Structure formats: structure tokens, C-alpha cells
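J.: as a preliminary step, the opening chains of the complex are given here in situ:
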Amino acid sequence: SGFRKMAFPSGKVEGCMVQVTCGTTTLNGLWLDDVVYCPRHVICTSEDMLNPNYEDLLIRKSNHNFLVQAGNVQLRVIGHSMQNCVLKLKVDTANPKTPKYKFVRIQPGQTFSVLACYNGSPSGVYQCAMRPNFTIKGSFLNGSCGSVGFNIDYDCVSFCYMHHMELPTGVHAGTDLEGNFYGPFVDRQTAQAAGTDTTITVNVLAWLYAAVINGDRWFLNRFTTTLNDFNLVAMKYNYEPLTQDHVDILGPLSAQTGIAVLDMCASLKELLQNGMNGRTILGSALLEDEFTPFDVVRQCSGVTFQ
């Protein structure tokens, strides 16, 4: 029993992290086979970031200006290519610790583990969600660019995120592994606005089910509601609307606990309009939205991986 914000075991990712330097700048890279993936602004100085012309900047660099380091062994850059906002540094030796991997672009509301790195060396791992406004509220210091987010499907590692920038508002933006930014952000040091951030309603409902599984039952109310009335309340509190796809996803949770998805919504509606009044759920005074329905099933059933 019990519930925790669990991250994926990081060992398969640790062996893939390398240190990349172009000039003075040092950030992290992902060493898969004979290619190193890293943010393209490694070729920039602090001056270039205010208005970079990446095409012109990269042309002044050559394969010899890139120093990719893995521990105390140095890799030789045999070729470089720019794919969107990511740089593909081809080297001569394939990574012996290359795992079965996949590149995926996740949707807002999905969760993943971030392996925070500095100078190519792991420092810690934590679980987070992609906000509906395509940002992440992580912990990134200077030099942590190039740290990757990932999920683990048993034996296959699914890389979904590479960190690029901290916005002036202190939130973090990045790309998929093809270099396409999540959200309307560009890799340039200018004021960039993220959208209004909403609460991931389907995630909150799955967390309420986890509370029921682990003994927290006081919020189970005496009312019910419909999928049109609840969304009316949800919109007022900046909650994202619930669809029938979300109801279908919560099905196994409803079957395991005996509480209908619509019934749990009425419980949440009362929580929204009347607060929690000094009481906690699973040790929290706030409604939690960084657990997906799949995360709850994984932790409550104890699925393992390679």
C-alpha cells in the first residue's frame, strides 16, 4: 500500500549521456548508436542567443570544433547535421550501451521521467507531466540543457523530451528528439509567452481512484452528475474538459473500485466548489494532476521492466 510520485529506473539512460562542447559552451548530449543528439544552441555564445541565425552560425563550425566527452573517453565527431532545433553529431564508434529505444512525441497531460544531468553526468531523476500549455515545471540549472525525458515500456526506452530553455517566468521548454519544440517556443533569448495553464482533469480523477484504493474515502459524496454539467463547473476553475475518451480510459479503475466514472466526477465537483477544508488526500492538501490513469494502474499493480 501507499502512493508515491515514482520515476522510472534510469540505468538504461545513464549510459547514453555524454558531454558536448563547442567553444566555451558545455551541455549534455544523448549518445545512441553512432549519433549524438544535443540542442543546436550549443554553437551559440551568450551574445548569439539574443538573435541567433543558426544556419549562418553552424556554417562557421566544422566537425573539428565539437568535443563530445563520455566520462574520460573522447568521441570523434565525423559528421554534423541540423534537424530543426536539434544537432546530430555523427561519431565513429557506436555506443555499446545503446538500449532498445524509440522516439515519441507525447501529448499534453502525459507523464515522463527526467534525468537531470550536468557536464554529461547524471545528478537526479524525477517524474513530471507535460502541462496543457506545453511547458514543464522542472528543476534545471545552467548547463542542464540536453537532459532528456523518457518513458520505459518494459524493454524499450521511449525518449520524448530534450530540455532547451528556461523561460523568463522560470518554467522550462524543450523539444522532441526530432527537434520540434513542444508549444510555440523558439530557441532564442527573448520574452516568450506560454498559454494559460489548466489542470489535467483526467489525471486528477485517476488520483482520486488511487486514494480510494489506498483507503482515503471521505470525498466520496452523495450526489451524481453528467458529462455536460461537470465540464461546466470544470471550465470555471481552469480544468480541462472531460471527453468520452477520458471516461473510457478510466474504465478499469472504475471496475476495480466499484465507483462509476460519473459518480467520481460529482465528488470532484464538490471538491472544486467547496474546497478541501483543511483535510488531505494521499498526504496532499491540493488536487494532484501529474498521475495518468496508466501510472496509477502501474503502481497499484506493480508492473516491472527489463
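T.: Looks like it came in fine. Numbers count the residues shown, from 1 in each chain, chains lettered A, B, ... in the order given.
J.: tell me what residue A:31 is bridged to.
T.: Using DSSP bridges, the beta-bridge partners of residue A:31 come out as residue A:36.
J.: isn't it right up against residue A:95?
T.: Yes: if you go by CB atoms under 8 Å, residue A:31 and residue A:95 touch, sitting 4.5 Å apart. Quick note: C-beta positions are derived from backbone N, CA and C, even for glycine.
J.: and residue A:206, what are its phi and psi?
T.: phi -60, psi -30 (degrees, to the nearest 10).
J.: before we move on, what about residue A:9?
T.: Per degrees, to the nearest 10, the backbone of residue A:9 is at phi -60, psi 140.
J.: looking at it, it is touching residue A:305, isn't it?
T.: Yes: the pair residue A:9 / residue A:305 is scored as a contact, 7.1 Å apart, by CB under 8 Å.
J.: what is the neighbour count of residue A:199?
T.: By other CB atoms under 10 Å, the residues close to residue A:199 number 18.
J.: for it, give its distance to residue A:139.
T.: Going from residue A:199 to residue A:139 by CB to CB, to the nearest Å gives 21 Å.
J.: residue A:7 now?
T.: According to CB to CB, residue A:7 stands 13 Å off from residue A:139.
J.: got it, and residue A:118?
T.: The gap separating residue A:118 from residue A:139 is 12 Å, by CB to CB.
J.: more neighbours: these two, which one.
T.: residue A:118 (19 against 12).
J.: need the residues touching each of residue A:31 and residue A:95.
T.: Counting by CB atoms under 8 Å, 6 or more residues apart in numbering, the common neighbours of residue A:31 and residue A:95 are residue A:16.
J.: which one of those two has more residues nearby?
T.: residue A:31 (26 against 19).
J.: now do the contacts for that one.
T.: Contacts of residue A:31 by CB under 8 Å, 6+ apart are A:16-18, A:68, A:70, A:75, A:91, A:95, A:98.
J.: what of residue A:191?
T.: For residue A:191, the contact set (CB under 8 Å, 6+ apart) comprises residue A:168.
J.: next up, phi/psi of it, please.
T.: phi -60, psi 120.
J.: and the gap between it and residue A:214?
T.: To residue A:214, residue A:191 is 44 Å away according to CB to CB.
J.: shared neighbours of residue A:7 and residue A:139, which are they?
T.: Here residue A:7 and residue A:139 share the contacting residues residue A:126, scored by CB under 8 Å, 6+ apart.
J.: and the nearest residue to residue A:169 once chain neighbours are set aside, how many neighbours?
T.: Spatially, and ignoring its direct neighbours in sequence, residue A:169 is nearest to residue A:194 (7.1 Å; CB to CB, 6 or more residues apart in numbering). Close neighbours of residue A:194, defined as other CB under 10 Å, add up to 17.
J.: and chain B, same structure:
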Amino acid sequence: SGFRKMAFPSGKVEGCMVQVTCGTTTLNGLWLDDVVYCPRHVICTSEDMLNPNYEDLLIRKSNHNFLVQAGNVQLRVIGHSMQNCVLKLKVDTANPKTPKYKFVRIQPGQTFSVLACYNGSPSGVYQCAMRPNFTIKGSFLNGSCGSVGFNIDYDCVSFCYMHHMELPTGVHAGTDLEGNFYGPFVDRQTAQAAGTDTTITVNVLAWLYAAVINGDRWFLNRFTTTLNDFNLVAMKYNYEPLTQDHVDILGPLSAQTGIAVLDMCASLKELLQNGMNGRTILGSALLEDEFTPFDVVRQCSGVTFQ
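T.: This next block brings in chain B, placed alongside the chains you saw above:
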């Protein structure tokens, strides 16, 4: 910027987890060199746990009744010994992935990472603290016994905890790697009482400093206080008393932020006696006590490990 409950990278521990079976029972073991460490109640059935005589139980077993599995490769038990509540299963081949490691017994209030495992296979990693009453509020399902807690001092892994039991109150108890239980618990299925659980005051103060470092400043009050007056307030809210050793530990945080340790206590005292009134600190509506002063320095300075 930003703050997260970060766990240590788990790769060095993943290569040490094996599956141990004696009869029907299956739990996890720690494969270091040519010894496998696992809870001694692996030799028990569900019936034996109500009143086990471990000496008599182990005598009926022999080296051939232990099946230690690592992935799809099986280890041969060449010898067994019982040290307190842990079983030392000596095998024939040393673990090639054995890291530089240490056995440590931590104190209450210290933090560590748990690698939750089932059937010898990793499932997830999370950070937690040893409560003052020597329990941990983790996430352990059936078969997760033998999962280990650890810290990483750059290149050396410090194993400090092995999970043994879930108390009837849903909290979790375990031992050090020499098999000595944390707290007054025995490995037997009987009603066992943990002490009153208090809040780790020095941890809360370090977290307040982290809030100041990351921009949360509203709680900085206009009063001050002394180390005898604050403990008077702390005792009323089940907060553990602050000593001069705790003040010395918070020194670098005070120097980095310019706020005296005694001044921050007066801020906390007001938070205790008057609440937080619908406001949050670092995204939390509750006062957090599972960050040590060392954790805050590590995350705010970005220290890395082997």
C-alpha cells in the same frame, strides 16, 4: 531554477537486484560480490509469519532449497548464514556489476532513494525520509520485500535500508544491511506500534531556504526569536526541537541567502501558529520535511556523481 523531490540515479543499484525463492515465497535480494542479501522471512510461509522461530526454520533448509535468479541466469547457493534479520546467501560467481559500495545506518530525518522491485526486477525509484519514529511512508506491494534504499556519494553507493514489512497501519518498516531493524519492530505478523511521528524541523527550515532561493519570499516575516522560544512553539505542533548542531548545518544556506537561521525560525513560528491561509510555498500547501539541508545544497548547486 525550480524545485523537485529528486531521487538518485538508480543504474548502479539496478544491476545488483536478484530474485530469491525458498519454497513458494519470492522476494528481492541484493547481489554484491559473491553474497546475496535478503530478508530472512523468505524461508517463511504465510502460516509461519504469525509466530516464526527462525533458528528452527532455517535449520530445516539447506543450500539447495534457495533459488536465486538474476534475469534469465541462475546463481548457485554455495552457503547461507543468518545475520540478525538478514540472510547471507553465498553464491559461486561474484557480481560483475558490483559497484563501489558501503553499508551505513542512517539517523532519523535523513533522506534516501528507494528502488522498488518485484520478482528481482526494478519498477520505479522515489525519494523519501526516515521518519523520527523509524518508519517510512513508501509504496510497497506484495513481493517488494528486499527492495533497498541507498544514497550515492559521487562514486560510492551507500546502502542504508532493506524493506521487510508493512505494518497493519499501512506504514513500512525495515532494517539496515546488517539486518538490525530501524525502530522497535520485529519481523513477525503481529500488531506493532510505531511511536508518535513528529515533523523534522531542520528539514522544513532548509526547504524554506530553497523557497527563498527560487523566489518565494512572502513568508519572510518582521519578527525574530530565540532557540528556546521557538522550541516551545515547536513542541506544541509535534515538531522536533532544534539544536545548535541543526543551526550549524544550516549555516551555508544562511550565508547564501542573507537570512539568519534564527530569523527564519520566526517566519516558521508564524506559519505554525497562523497557518498558510490558502497560499503555497514551492507549489505546496503543506510544510515539507523530506528535504535535508544537504539535499537543498545538492539540487541548488547541481552536484553530479559517477
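J.: again for the neighbour count of residue A:194, since chain B is there now?
T.: Number of residues near residue A:194 (other CB atoms under 10 Å in any protein chain shown) recorded here: 17.
J.: next: the one 3 residues further on.
T.: Residue A:197 has 14 neighbouring residues, counting by other CB under 10 Å.
J.: same question for residue A:91.
T.: Residue A:91, neighbours per other CB under 10 Å, totals 23.
J.: beta partners for it?
T.: The partner residues for residue A:91, given DSSP bridges, come to residue A:77.
J.: need the contact list for it.
T.: The contact partners of residue A:91, by CB atoms under 8 Å, 6 or more residues apart in numbering or on different chains, come to A:31, A:34-36, A:68, A:75-78.
J.: and with 7 Å instead?
T.: A:34, A:36, A:68, A:75-78 (CB atoms under 7 Å, 6 or more residues apart in numbering or on different chains).
J.: which of those sits closest to chain B?
T.: residue A:68 (17.2 Å; CB to the nearest CB).
J.: which parts of chain A sit against chain B?
T.: Taking CB under 7 Å from any CB of the partner chain, the part of chain A that reaches chain B is made up of A:1-11, A:14, A:115-116, A:118-119, A:121-126, A:137-141, A:166, A:170, A:285-286, A:299, A:302-305.
J.: just the buried residues of these.
T.: Neighbour-count burial within these applies to A:1-11, A:14, A:115-116, A:118-119, A:121-126, A:137-141, A:166, A:299, A:302, A:304-305; the criterion is 16 or more other CB atoms under 10 Å in any protein chain shown.
J.: measure the closest residue to chain B within chain A to residue B:56 for me?
T.: Chain A approaches chain B most closely through residue A:11 (3.0 Å), counting by CB to the nearest CB. Distance of residue A:11 to residue B:56, given as CB to CB: 40 Å.
J.: sorry, back to before: could you flag which of the contacts of residue A:91 are buried?
T.: Buried members of those, scored by 16+ other CB under 10 Å, are A:34, A:36, A:68, A:75, A:77.
J.: distance between the host helix or strand of residue A:247 and the chain's centre?
T.: Here residue A:247 sits within helix A:244-249, counting by DSSP states H and E. Offset of helix A:244-249 from its chain centre (CA atoms, centre = their mean, to the nearest Å): 22 Å.
J.: in terms of secondary structure, what does whatever helix or strand comes next after that helix contact?
T.: Scanning forward in sequence from helix A:244-249 by DSSP H and E, the next helix or strand is helix A:251-257. If you count contacts as 3 or more CB pairs under 7 Å, 6 or more residues apart in numbering or on different chains; DSSP states H and E, helix A:251-257 packs onto helix A:201-213, helix A:293-301.
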